[PDB]
Amino acid sequence: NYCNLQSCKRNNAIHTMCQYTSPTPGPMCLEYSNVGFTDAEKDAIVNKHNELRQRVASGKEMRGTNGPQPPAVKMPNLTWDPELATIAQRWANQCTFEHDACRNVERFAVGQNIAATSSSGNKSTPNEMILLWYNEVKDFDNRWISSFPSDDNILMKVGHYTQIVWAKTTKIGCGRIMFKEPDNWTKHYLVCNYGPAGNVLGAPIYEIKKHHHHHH
């Protein structure tokens, strides 16, 4: 099923569901809690992403190394996707802060954003963590919109923002867990999977709309 994805084999990668076959979380997740989401929370996540997407799309986000971010021709709202979600949640249940080797599905390559935050004993929302992904737009350059760069320094500086605002992406599915890390602080771990996967080396992030010459 998930072990016959040419997507993985091509990438010499073991799929997350193919490897971790258990729904119960891994030994990294000491004294764990708050697996997954309420439906209230799932809308929270989708709504934040669309808010941000719409902002950039409408030519309103004004930050960036080379000046403000231009509006988009098409920028579809993301809809929640339970397949991606359960694959995100499985990798989330392993409590190892990094991307998994592969998380793809029959329909498309799947992208990914990761966040974790700490507290003595935790009051941190995913919305907080998403805003922090998006805040990478402070380091973003206009010139990377029409064709995504190959450079990895860049992928790292701005990759989470670019995935959020990826026009072609239309589906999101996230997973989350909380657990005691070895120093007793409470860690709050969010992984979001996106479909189809953004940050395609060469593709445009979105189609740059132009403001009309005859709208005065």
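Note that the numbers count up from 1, one per residue, in the order the chain is shown.
Heads up, the Cβ atoms here are built off N, Cα and C, so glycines get one too.
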Exercise for the section: Name the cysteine that pairs with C3 in a disulphide bond per Swiss-Prot, restricting the answer to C18, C29. Expected result: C18
Completion exercise
Of the candidates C8, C192, the one Swiss-Prot records in a disulfide with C102 is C8
Completion exercise
A correct count of other C-beta atoms within 10 Å of the C-beta of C102 (disulfide bond) gives 23
Problem - Spatial neighbours of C174 (disulfide bond) that are distant in sequence (at least 6 apart) but have CB under 8 A - result: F37, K42, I45, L84, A85, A88, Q89, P126, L190, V191, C192, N193
Fill in the blank from the handout: For the disulfide-bonded residues listed (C8, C18, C29, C192), most other Cβ atoms within 10 Å of the Cβ sits at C192
Practice task
Would you find the one among the disulfide-bonded residues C3, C95 whose Cβ has the most company, meaning other Cβ atoms within 10 Å?
Solution key: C95
Problem - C102 (disulfide bond) versus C95 (disulfide bond) - Cα distance in angstrom - result: 16
Practice task
Would you mind splitting the region 'Disordered' (57-76) into helix, strand and coil residue counts from DSSP?
Solution key: 1 helix, 1 strand, 18 coil
